[PDB]
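The chain below stands alone and is given in structure tokens; this is the form deposited in one PDB entry.
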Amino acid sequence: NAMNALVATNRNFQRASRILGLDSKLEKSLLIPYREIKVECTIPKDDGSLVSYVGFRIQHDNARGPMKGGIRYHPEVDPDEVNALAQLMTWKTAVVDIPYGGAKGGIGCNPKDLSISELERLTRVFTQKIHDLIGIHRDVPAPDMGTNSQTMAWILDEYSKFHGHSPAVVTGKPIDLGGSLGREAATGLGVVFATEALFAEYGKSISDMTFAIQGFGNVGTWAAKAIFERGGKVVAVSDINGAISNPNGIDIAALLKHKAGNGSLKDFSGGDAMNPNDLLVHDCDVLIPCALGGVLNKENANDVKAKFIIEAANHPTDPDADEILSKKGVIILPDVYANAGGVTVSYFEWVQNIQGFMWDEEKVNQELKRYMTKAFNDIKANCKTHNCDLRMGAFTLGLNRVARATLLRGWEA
């Protein structure tokens, strides 16, 4: 069903470039990634047998600063997916106006099939194969799907053997190893800040709406929690194993405790088991994909019931679906704004580390709000000047900023 992820993202890039009127020589330069790296990651399993993976780091653009983006452990990781995500990082960092470029990495593995000692070895080997290509002022990784703060701990620890203690080389670290308060919740919280800014334009509140949510990991859990706390009615949640629904609202706080006690969604007592394939076409006001990309496509977009889609996941909606949904009257808050809370707080974590001195947690949340509000106000204005939809409003905002810094740096050797 999914359209190729890089095809889809390049169509969006082209659409934004045509709005800005970029010439084709500058456009070509901004499309092509600065550097693509593929490296062998081979480790012994716990029984001593060998397994070989290919690890990727795509460094898409560094005109606005060191490159930034997470590392994904997932069986569908491939060069196309990583190139698409790295490119999106470049635009997203420029949308929230933090001094980073864009990058992304990953390994095509299934963490569920690997022991924790095997994941550690795989993470350290991957770090050994890319340490020369990343760095505090060069490219700063972070967690994405299938990774978490413990993953980043291992990267920090292995990288520091080659370059000395380097807290700022990775973000999403545990608090005890230099992480920032607020970073774990930042993406889902940022999704809610972005949603609140949007709904304010319609005079609506989150407490007026019903929500369906696909995915229930780092982004989905914190997003659902924050919506729930503000009085939103979360009527359906899915993950890779099952789904749960309740037209009166799921008690998300109880769903999260159930999950932490290792329960499956479909066994939750406060809801009805649901086929997860029904999630995206479920009746709701607001749909929030928090899992894979490309899941809203030509084949299901006409059966979406929501009036709003908040892109918490990266590129959940492909260009075919964009157009179908636009004709249905659906408003889509794009990934390159809505899920930017995470990289924004990663920036604060990095600042705190290089300043050698941590901020109070209230400053982290004060600034997150300030950055997400400023960026929504920039997107609004850009939509007005370019008479475009929210996706292109944000995409052209970031692309234009990246073009401006690239031209400023020049091209002579």
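The first residue of the shown sequence is 1; numbering continues from there.
Higher average CA B factor: 263-271, of the stretches 331-339 and 263-271. When the mean C-alpha temperature factors of 234-242 and 151-159 are read from the deposited coordinates, 234-242 comes out higher. Considering 187, 205, 127, 87 together, the PDB entry gives 205 the largest C-alpha B factor. If you compare the C-alpha temperature factors of 313, 197, 191, 170 in the entry, 197 comes out highest.
Sort the modelled residues of the chain by CA B factor and residue 406 lands in the lowest third. Split the chain's modelled residues into thirds by C-alpha temperature factor. Residue 359 is in the highest one.
The entry lists a Cα temperature factor for residue 144 that places it in the lowest third of the chain's modelled residues. In the PDB entry, a CA B factor belonging to the highest third of its chain's modelled residues is recorded for residue 43. Sort the modelled residues of the chain by CA B factor and residue 83 lands in the lowest third.
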